[PDB]
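Chains as they are written, first to last, in this note's numbering: chain V, 403 to 523; chain Z, 403 to 523; chain R, 22 to 72.
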Amino acid sequence: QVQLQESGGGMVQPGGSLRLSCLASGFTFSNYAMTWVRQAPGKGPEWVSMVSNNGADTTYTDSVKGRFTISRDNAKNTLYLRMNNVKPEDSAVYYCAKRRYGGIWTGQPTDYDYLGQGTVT
Amino acid sequence: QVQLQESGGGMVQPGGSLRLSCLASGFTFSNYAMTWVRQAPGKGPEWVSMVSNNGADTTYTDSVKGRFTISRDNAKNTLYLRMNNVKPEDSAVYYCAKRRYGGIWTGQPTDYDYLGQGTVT
Amino acid sequence: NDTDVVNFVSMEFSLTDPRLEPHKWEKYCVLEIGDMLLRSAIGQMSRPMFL
RNA sequence: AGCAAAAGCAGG
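In structure tokens form, the structure reads like this:
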């Protein structure tokens, strides 16, 4: 069945790096686009990044360009996110989710599935 | 008695940061200059930085300029070193030591005291 | 002479609106230059920008 | 217009 278990998070220092991994199982992975969506304690969630099926069309938020790099590996059906130059405001709980459609821009960023975990710095 | 116990090290990813602390006890701290010296496994040690008694005169190796920041606190008689932009080759065992004299340039960098720990990335 | 005045014009950007304290400046000449999208802990502020 | 003051600038 469809489940998304993420890991790789932890404590870091400001201006460092982190490599978040997301393992998905239960569905056809190569068909659907993926999204990272974070939520800070107190504020409603905000989408972090949206990545395509081919891994060629990628989109980030207006405040994280140049600092982040989203990617995916279709062999192990897994999702990678490289966060560099961690600002203090990126301190939130990160979420890995599987888009409704196989697209990125068709429709506003909203998801219809479960979640794993996310660390804070 | 004179003892130098350091900590703060660990695993990091390339391009990250690290904050090494060194607590010294048994002598007059504010009088003697201090040194950070690292050693890669296989190669003899190499001096990383030399810091004054006033905390105003600091000097680093020719390959770590701009990336490191050495400092000291006379209250707890302790020595701090902040490393940013960790290169893969800076992966070595770090050493905290207390200079023969209270100076930095008078005499070549060599020490006469004990050691703590140092981590590797 | 060194005592002499030199006059000029000065442009320094500003977020906070006027008319909250119009007494503070009887001298400024405030323009509008649109929005700057500040990021707070929740949402986005999108306050205007004056000069 | 402004600066700043019990007098001057704002070119010669």
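Each residue gets a CB set at the ideal place from its N, CA and C atoms; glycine is no exception.
Rounded to the nearest angstrom, the gap between the Cα atoms of residue 452 of chain V and residue 58 of chain R is 21 Å. Of all residues in the segment 421–440 of chain Z, only 421 place a beta-carbon less than 9 Å from a beta-carbon of chain V. In the structure shown, residue 429 of chain V falls within a coil segment according to DSSP collapsed to helix, strand and coil. In the three-state reduction of the DSSP assignment, residue 25 of chain R falls in the coil class, being assigned neither a helical nor a strand state. Runs of the beta strand (DSSP E) lying entirely within the segment 435–464 of chain Z, each at least 3 residues long, are 436–441, 448–453 and 460–462 in chain order. At a cut-off of 8 Å between beta carbons, residue 451 of chain V makes no contact with chain R. Within the segment 469–482 of chain V, not one residue has a Cβ closer than 9 Å to any Cβ of chain Z. Taking a Cβ-Cβ cut-off of 7 Å, the neighbours of residue 419 of chain Z in chain V comprise 415, 417 and 418, given in sequence order.
Under the Cβ distance rule, residue 54 of chain R does not count among the residues neighbouring chain V, no pair being separated by less than 8 Å. For residue 431 of chain V, the closest of V:486, V:501 and V:491 by C-alpha to C-alpha distance is V:501.
Contact of residue 68 of chain R with chain V by beta-carbon distance below 7 Å is absent, the smallest such distance being about 16 Å. Each of Z:469, Z:415, Z:407 and Z:410 was checked against the Cα of residue 410 of chain V, and the nearest Cα belongs to Z:415. In this model, residue 448 of chain Z and residue 475 of chain Z are separated by some 24 Å (Cα to Cα). Using a 10 angstroms sphere on the CB of residue 27 of chain R, the tally of other CB atoms stays under 16, which defines it as exposed. As the crow flies, the alpha-carbon of residue 518 of chain Z is around 7 Å from that of residue 498 of chain Z. Apart from the 5 residues on each side of it in sequence, residue 55 of chain R sits with its Cβ closer than 6 Å to the Cβ of 70 in its chain, given in chain order.
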